[PDB]
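Text of the file my_file_11.cif, holding mmCIF, C-alpha atoms and all ligand atoms:
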```cif
data_my_file
#
loop_
_atom_site.label_atom_id
_atom_site.label_comp_id
_atom_site.auth_asym_id
_atom_site.auth_seq_id
_atom_site.Cartn_x
_atom_site.Cartn_y
_atom_site.Cartn_z
CA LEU A 1 -27.35 -13.09 -9.00
CA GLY A 2 -27.09 -14.06 -5.35
CA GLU A 3 -24.23 -13.58 -2.92
CA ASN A 4 -20.75 -14.90 -3.75
CA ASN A 5 -21.17 -15.87 -7.42
CA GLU A 6 -24.28 -17.96 -6.71
CA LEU A 7 -26.85 -18.26 -9.50
CA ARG A 8 -30.38 -18.11 -8.09
CA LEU A 9 -33.22 -19.54 -10.16
CA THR A 10 -36.25 -17.78 -8.62
CA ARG A 11 -36.35 -14.06 -9.42
CA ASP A 12 -38.36 -13.21 -6.29
CA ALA A 13 -35.80 -10.57 -5.23
CA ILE A 14 -37.63 -7.31 -5.97
CA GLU A 15 -37.76 -3.82 -4.42
CA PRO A 16 -39.72 -0.57 -4.85
CA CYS A 17 -37.67 1.52 -7.26
CA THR A 18 -35.87 4.34 -5.45
CA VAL A 19 -33.93 7.39 -6.58
CA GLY A 20 -30.30 7.25 -5.53
CA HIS A 21 -29.91 3.53 -6.24
CA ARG A 22 -26.25 2.57 -6.50
CA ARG A 23 -25.02 -0.98 -5.91
CA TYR A 24 -22.03 -3.27 -6.39
CA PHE A 25 -22.56 -7.04 -6.66
CA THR A 26 -19.99 -9.84 -6.59
CA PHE A 27 -19.64 -11.14 -10.16
CA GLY A 28 -17.02 -13.58 -11.41
CA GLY A 29 -13.68 -12.76 -9.86
CA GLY A 30 -14.80 -9.18 -9.33
CA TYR A 31 -17.81 -6.87 -9.16
CA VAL A 32 -20.59 -5.39 -11.27
CA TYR A 33 -21.83 -1.83 -10.74
CA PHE A 34 -25.40 -0.59 -11.27
CA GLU A 35 -26.53 3.03 -10.90
CA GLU A 36 -30.27 3.79 -10.73
CA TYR A 37 -31.13 0.17 -11.63
CA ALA A 38 -29.11 0.58 -14.84
CA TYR A 39 -26.07 -1.50 -15.77
CA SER A 40 -23.10 0.83 -15.32
CA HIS A 41 -20.10 -1.47 -15.69
CA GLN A 42 -18.14 -4.41 -14.34
CA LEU A 43 -15.21 -3.60 -12.07
CA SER A 44 -12.35 -5.83 -10.92
CA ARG A 45 -11.14 -6.19 -7.34
CA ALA A 46 -8.18 -3.81 -7.56
CA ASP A 47 -10.22 -0.59 -7.79
CA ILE A 48 -11.71 -0.65 -4.27
CA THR A 49 -9.68 0.21 -1.16
CA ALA B 1 -18.80 7.71 -1.81
CA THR B 2 -16.47 5.78 0.53
CA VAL B 3 -16.56 2.03 -0.09
CA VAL B 4 -14.16 -0.66 1.19
CA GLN B 5 -13.99 -4.45 1.00
CA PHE B 6 -12.70 -7.41 3.00
CA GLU B 7 -9.40 -9.03 2.08
CA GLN B 8 -9.65 -12.55 0.67
CA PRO B 9 -7.78 -15.70 1.88
CA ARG B 10 -4.01 -16.04 1.39
CA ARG B 11 -1.65 -18.68 0.03
CA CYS B 12 -0.09 -20.39 3.00
CA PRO B 13 3.52 -21.63 2.84
CA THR B 14 3.95 -25.20 1.67
CA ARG B 15 5.59 -27.45 4.24
CA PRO B 16 9.00 -28.24 2.67
CA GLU B 17 9.30 -31.81 1.43
CA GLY B 18 12.34 -32.43 3.60
CA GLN B 19 15.81 -33.88 3.50
CA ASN B 20 16.69 -37.41 2.42
CA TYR B 21 19.34 -39.33 4.34
CA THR B 22 21.54 -42.22 3.24
CA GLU B 23 22.10 -44.89 5.87
CA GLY B 24 25.67 -46.16 6.01
CA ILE B 25 28.55 -47.44 8.11
CA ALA B 26 31.61 -45.24 8.50
CA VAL B 27 35.13 -45.60 9.87
CA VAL B 28 36.98 -42.34 10.52
CA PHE B 29 40.79 -42.33 10.25
CA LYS B 30 43.20 -39.67 11.52
CA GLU B 31 46.85 -38.77 11.10
CA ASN B 32 49.22 -41.17 12.84
CA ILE B 33 51.62 -39.60 15.34
CA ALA B 34 52.74 -42.84 16.96
CA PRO B 35 56.28 -43.93 16.03
CA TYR B 36 56.69 -47.30 14.37
CA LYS B 37 57.80 -49.64 17.15
CA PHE B 38 59.77 -52.87 16.73
CA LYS B 39 61.86 -54.93 19.14
CA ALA B 40 65.56 -55.59 18.57
CA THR B 41 68.52 -57.15 20.38
CA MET B 42 71.82 -55.47 21.25
CA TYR B 43 75.15 -57.28 21.52
CA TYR B 44 78.16 -55.48 22.96
CA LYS B 45 80.98 -55.80 25.49
CA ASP B 46 81.90 -53.23 28.12
CA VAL B 47 85.67 -52.81 28.48
CA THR B 48 87.66 -51.05 31.21
CA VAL B 49 91.31 -50.56 32.19
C1 LIG C 1 13.92 -36.35 -1.20
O1 LIG C 1 13.00 -37.29 -1.82
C2 LIG C 1 11.68 -36.75 -2.05
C3 LIG C 1 10.82 -37.88 -2.56
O2 LIG C 1 9.45 -37.52 -2.67
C4 LIG C 1 11.78 -35.55 -2.98
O3 LIG C 1 10.46 -35.10 -3.26
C5 LIG C 1 10.62 -34.16 -4.36
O4 LIG C 1 10.05 -32.88 -3.96
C6 LIG C 1 10.36 -31.87 -4.93
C7 LIG C 1 9.93 -30.54 -4.36
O5 LIG C 1 11.08 -29.72 -4.20
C8 LIG C 1 9.79 -32.21 -6.32
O6 LIG C 1 10.31 -31.27 -7.26
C9 LIG C 1 10.19 -33.62 -6.76
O7 LIG C 1 9.50 -34.07 -7.92
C10 LIG C 1 9.93 -34.64 -5.66
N1 LIG C 1 10.42 -35.94 -6.09
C11 LIG C 1 9.75 -37.08 -5.91
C12 LIG C 1 10.38 -38.29 -6.51
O8 LIG C 1 8.71 -37.15 -5.24
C13 LIG C 1 12.65 -34.50 -2.30
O9 LIG C 1 12.76 -33.28 -3.02
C14 LIG C 1 14.05 -35.09 -2.06
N2 LIG C 1 14.94 -34.13 -1.42
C15 LIG C 1 15.14 -32.85 -1.81
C16 LIG C 1 16.11 -32.06 -0.96
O10 LIG C 1 14.55 -32.35 -2.77
#
```

Please express the file's structure as structure tokens.
Amino acid sequence: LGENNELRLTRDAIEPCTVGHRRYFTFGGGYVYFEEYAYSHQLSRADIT
Amino acid sequence: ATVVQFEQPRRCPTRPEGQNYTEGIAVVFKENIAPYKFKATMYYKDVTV
């Protein structure tokens, strides 16, 4: 998953695993939420100020 | 903890299609206040004593 619903084909986007990881990524018409490199849950636009 | 997002584009007002006009010729009449006028002839004789 790239930026703005783009599908990248080369998985060369890596990173040294870190404690405290917590990220939202644009997915579909909303977001997807990962905590500690683990799929937490998808989340639609309305639930972010 | 605190996480915000940018607002997305908006639906702009459609330009209204607009009025349609009928081309025509018009003659505007009003109430008549002029008296009917017609010429006549008077016949008489003045008398005196
Ligand atoms: C005057 O004529 C135009 C012709 O295009 C009308 O266009 C209409 O636009 C409305 C949007 O309100 C559509 O629902 C109609 O389908 C359109 N009709 C056609 C034939 O294109 C326009 O609406 C007319 N005038 C008014 C006041 O609506």

Original post:
Can I get the residues close to ligand LIG 1 (chain C) as a list in words, where close means within 10 Å and we count all atoms listed in the file?
Top reply: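 Within the 10 Å cut-off, the matching residues are residues 16, 17, 18, 19, 20 and 21 of chain B.
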
**OP:** Name the residues in contact with residue A:36 at a cut-off of 10 Å, using all atoms listed in the file, excluding same-chain residues fewer than 6 positions from it; report them as a list in words.
**Re:** residues 17, 18, 19, 20, 21, 22 and 23 of chain A

Closest contacts (chain A/chain B, max 10 Å, only C-alpha atoms) as CSV:
```
residue,atom,partner,partner_atom,distance
A:24,CA,B:3,CA,9.9
A:45,CA,B:5,CA,9.0
A:47,CA,B:4,CA,9.8
A:48,CA,B:4,CA,6.0
A:49,CA,B:4,CA,5.1
```

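One distance worth recording is that between atom CA of residue A:28 and atom CA of residue A:4, which is 8.6 Å.
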
Subject >> Pairwise distance for atom CA of residue A:26 and atom CA of residue A:39, rounded to one decimal in Å >> reply: 13.8 Å

Original post:
So how far away is atom CA of residue A:1 from atom CA of residue B:9, in Å?
Top reply: 22.5 Å
